[PDB]
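# Chains, contacts and geometry: an overview
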Amino acid sequence: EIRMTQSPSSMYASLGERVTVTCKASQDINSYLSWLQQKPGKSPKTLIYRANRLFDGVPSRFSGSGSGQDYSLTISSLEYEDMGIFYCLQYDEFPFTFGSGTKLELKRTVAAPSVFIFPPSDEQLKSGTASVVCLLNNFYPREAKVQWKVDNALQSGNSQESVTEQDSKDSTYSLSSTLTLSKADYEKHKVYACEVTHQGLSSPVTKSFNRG
Amino acid sequence: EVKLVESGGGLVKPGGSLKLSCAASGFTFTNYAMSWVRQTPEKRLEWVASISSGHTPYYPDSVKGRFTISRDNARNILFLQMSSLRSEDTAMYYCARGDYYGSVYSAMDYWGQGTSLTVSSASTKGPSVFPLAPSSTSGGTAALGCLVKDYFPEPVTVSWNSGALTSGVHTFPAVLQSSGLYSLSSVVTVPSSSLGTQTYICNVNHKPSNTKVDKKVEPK
Ligand SMILES: [Cl-]
């Protein structure tokens, strides 16, 4: 019933920066509002409750302000452990409602991808399918274009991609692109190339192999 | 140390029923209000149920008639009995403790690790694990991995060399294939000089199907 809207949806920041995130409610909440942090693949963890109060053990850099409908969370000096998604929660009236979240990622310098290509295994081909995998390792920013080229014929509709969350040590991303073809179509062609374009590279990088 | 530990998830056919459990520790369970919250595949959080210090339950309309929250203050256990399950209930389910004042009208202080629920008509299918073989230039790095293909439901866990190898490992998120089955890749970057002498094995586990696989990745 009560709507919780957050701003920005996502944002990059540098360590030591002062970050402020917003939460807006559709009704007067009387400061019954908590801020939680959830890191990728982990459980939520409460930072602020009652809008202004630090929870047990929460660093002093975290502060909460607001009243009525408009509330805010502020990190005085950003730290590596502060990355993740931040949610707001109203517990003033049932049903308790959560904001959509604000993803907070770490700014860093451009980083070039290491590109690798993997031909399909003999085990798989016996099953009738052929998966060709292109790997981009440790790059920044997230944006990257991966084009498949079978015998210099650009591919479309037959590939999927997956991207990791920001690395803990280098804050880079890694990407996996899989081209799946039937074994019949796979045996019909020779050159399997993966062309990568990314801001850390001066010119696109193409990794390829010949089925023979 | 507050510890909330959930158990009891898994795969359920539509219209079925299942019970979730949350083992509380590190606090006088009886005085604290408790709640169930779930996280959808889109990663949105939805309040599912709450129970006061006086065993009074509270629900949203979406689950009102089907889910029942209960608690056994003797063993320090929170329950979520779900019935008439719908495909829209697929989500990660968390238990959460409330403030020390005992009211359900408080923040969610501590959260459990979460237990996963998938509501599907389909049967569990274990993955096919294929090697992503590395080819090398002296002084360069080589990439190897495992392709974990065609499994349902999530999740699949992957370790390398039974956990001995963690450095440089990237296990990507699962993608839904046009077939309706899931597929993930797990890769590890290693020094080229070590490829002919070091053995690399990915240990793939798919608990929904009780499927363990150990594929040894060799150069080509
Ligand atoms: Cl279904």
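A few words now on the interface of chain A and chain B. With 40 residues of chain A at the interface, the matching set in chain B holds 43 residues. For the interface between chain A and chain B, the tally reads one salt bridge. Our enumeration of links across chain A and chain B arrives at 11 residue pairs in polar contact. Residue assignment for the side of chain A that touches chain B shows that the elements contributing at least two residues are β4 (33-38), β5 (45-49), β9 (84-90), β12 (114-118), α1 (122-127), β13 (129-139), β16 (159-163) and β17 (173-182) of chain A. Top element by residues in the side of chain A that touches chain B is β13 of chain A. It accounts for five residues. Class assignment of the residues belonging to the side of chain A that touches chain B gives a composition of 17 nonpolar, 15 polar and eight charged.

Now for the pairing of strand β4 (residues 34-39) of chain B. All names here are of chain B. Taken across its six residues, β4 has six buried, putting it largely inside the fold. Side chains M34, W36 and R38 project from β4 onto one buried face, and the interleaved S35, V37 and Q39 project onto a second face that is buried too. With six bridges connecting them, β4 and strand β5 (residues 45-51) associate as antiparallel partners. Residue pairing across strands places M34 opposite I51, the latter belonging to β5. Between the end of β4 and the start of β5, which pair antiparallel, lie five residues, with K43 showing a positive phi angle near 70°. Note: β4 against strand β9 (residues 91-97), six bridges, orientation antiparallel. Following the sheet pairing, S35 is matched in β9 by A96.

Residue and element names in this part refer to chain B. Taken together, three strands build an open sheet; the order of strands is β14-β18-β19 and the sheet is antiparallel. The two strands at the open ends of the sheet, each matched to only one other strand, are β14 (157-160) and β19 (211-217). Neighbour-to-neighbour, the strand axes of this sheet turn through a mean angle of 20°, independent of strand direction. Across four bridges, the pairing between β14 and strand β18 (residues 200-206) is antiparallel. Considered in β18, the bridge of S159 is made with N203.

Attention shifts here to the pairing of strand β12 (residues 128-132) of chain B. Residues and elements named next belong to chain B. Most of β12 sits out of view: four of its five residues are buried. Across five bridges, the pairing between β12 and strand β13 (residues 141-151) is antiparallel. Its bridge partner being in β13, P131 is matched across the sheet by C146.

All names here are of chain A. According to the domain assignment, chain A consists of domain 1 (4-106) and domain 2 (114-210). Placing a centre on the C-alpha atoms of domain 1 and another on those of domain 2 gives a separation of 37 Å. Listed by partner, the interface residues are six residues for domain 1 and six residues for domain 2. With both sides pooled, the region where domain 1 packs onto domain 2 buries about 480 Å², and carbon together with sulfur makes up 35% of that total. Among the residues domain 1 hides against domain 2, the three largest losses belong to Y12, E105 and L106. Together they make up 70% of the total. Between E165 and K103 there is a salt bridge, with the nearest N and O atoms lying 3.0 Å from each other. With three residues, strand β11 (residues 102-106) is the largest single contributor of residues to the side of domain 1 that touches domain 2. Tallied by class, residues from the side of domain 1 that touches domain 2 come to four nonpolar, no polar and two charged.

Here we take up the pattern of salt bridges. Residue and element names in this part refer to chain B. Inspection of the entire model under this criterion finds 13 salt bridges over all chains. Residues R38 and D89 are paired through a salt bridge, measuring 3.2 Å at the closest nitrogen-oxygen approach. A residue pair is termed long-range when its members are at least 10 positions apart, and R38 in strand β4 and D89 in the loop between β8 (77-82) and β9 qualify at 51 residues. Across this residue pair, the class does not change: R38 and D89 are buried. The salt bridge involving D150 is made with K149; its shortest N-O contact spans 3.2 Å. For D150, a relative accessible area of 21% translates into the label partly exposed.

Here we take up the domain arrangement of chain B. When cut into domains, chain B gives domain 1 (3-119) and domain 2 (128-217). Averaged C-alpha coordinates put domain 1 of chain B and domain 2 of chain B at centres separated by 34 Å.

This next bit is on the packing of aromatic side chains. The tally for this structure, following the rule as stated, stands at 21 aromatic pairs over all chains. Ring centres of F94 of chain A and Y105 of chain B lie 4.9 Å apart, and the angle between their planes is 55°; on these two criteria the pair is classed as tilted. On the criterion of chain membership, the pair formed by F94 of chain A in the loop between β9 and β10 (97-98) and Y105 of chain B in the loop between β9 and β10 (110-111) is interchain, its members lying in two chains. Under the relative-accessibility criterion, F94 of chain A is labelled buried at 18%. Ring-pair connections join several aromatic residues into one group, and the members of that group are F94 and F96 of chain A together with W47, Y58 and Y105 of chain B. When the ring centre of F29 of chain B is taken as reference, the NZ or CZ atom of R71 of chain B above it lies at 4.4 Å. Positioned above the aromatic ring of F27 of chain B is the side chain of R97 of chain B, whose terminal nitrogen or guanidinium carbon lies 5.1 Å from the ring centre.

The next point concerns the side chain of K149 of chain A. Residues and elements named next belong to chain A. Residue position: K149 is located in strand β14 (residues 145-150). Among the polar contacts listed, one links the side chain of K149 to the side chain of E195, at a separation of 2.7 Å. Once residues lying within four places of it in the same chain are set aside, the contact partners of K149 are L154, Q155, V191, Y192, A193 and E195.

Residues and elements named next belong to chain A. The four strands are arranged β1-β3-β8-β7 in an open sheet whose pairing can be described as antiparallel. Of all the strands in the sheet, just β1 (4-7) and β7 (62-67) have a single pairing partner and so form its edges. Ignoring strand direction, the axes of neighbouring strands in this sheet form an average angle of 20°. Where strand β3 (residues 19-25) meets strand β8 (residues 70-75), six bridges bridge the pair, whose relative direction is antiparallel. Looking at the pairing, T22 lines up with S72 of β8.

Definitions and limits used
- Residues numbered from 1 in each chain as written, not as in the entry; some residues may be left out.
- Chains lettered and ligands numbered in written order.
- Heavy atoms only, no water.
- Residues with missing side-chain atoms left out of burial classes, pairs and counts.
- Contact = heavy atoms within 4.5 Å.
- Salt bridge = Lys/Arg side-chain N within 4 Å of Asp/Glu carboxyl O.
- Polar contact = N/O pair within 3.5 Å; in protein donor to acceptor, adjacent residues only side chain to side chain.
- Helix = DSSP H or I, 4+ residues; strand = E, 2+ residues; numbered from the N terminus.
- Nonpolar A, V, L, I, M, F, W, Y, C, P; charged D, E, K, R; others polar.
- Buried < 20%, exposed > 50% of the residue type's maximum accessible area, 1.4 Å probe, protein only.
- Pairing = 2+ DSSP bridges.
- Axes fitted to C-alpha atoms, helices over the stretch in contact; angles between N-to-C directions.
- Domains from an automatic or database assignment.
- Buried area = accessible area lost by both parts, 1.4 Å probe.
- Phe/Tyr/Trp six-rings, centres within 6.5 Å; stacked < 30°, edge-to-face > 60°.
- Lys NZ or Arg CZ within 6 Å of the ring centre and 35° of its normal.

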